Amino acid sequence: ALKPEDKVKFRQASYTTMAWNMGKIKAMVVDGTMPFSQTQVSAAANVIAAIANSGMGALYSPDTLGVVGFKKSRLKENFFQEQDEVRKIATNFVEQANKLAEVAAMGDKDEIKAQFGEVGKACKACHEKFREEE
């Protein structure tokens, strides 16, 4: 298997990778601080959908509590008590991530904007329950 420190590293890396690509979509379709490119918005959405489907469940085990990956894990222990809540939030995120990739393929800015907001809410929902605010 993976050691705990690998699980933390790989999940921190995965989330950081998604944040870079979320930021590019935000810049092009929400803030307009970057010219809208279909191929780049699509490419960024595809990373988010791909990581969402990569089975990150395997990187969550109680032996990762308090472990340093890149940094000390910010996973809260309540993650392991609230499995109904974890499933609800994770399955919503996967569903929204897929939809974002589907609409970013052909969509205009308004459609992508709507789908992007649903993914952002899904990221935030998990953070609000299961990530330490520092």
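Quick note: we count residues from 1 along the sequence shown, nothing fancier.
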item	value
Average Cα temperature factor in the PDB entry - higher stretch of 67-75, 42-50	67-75
Higher-B stretch (mean Cα B-factor, as the entry records it), 101-109 or 52-60	101-109
Record-listed C-alpha B factor of residue 85: chain third	middle
Third of the chain, ranked by Cα B-factor, where residue 7 sits	middle
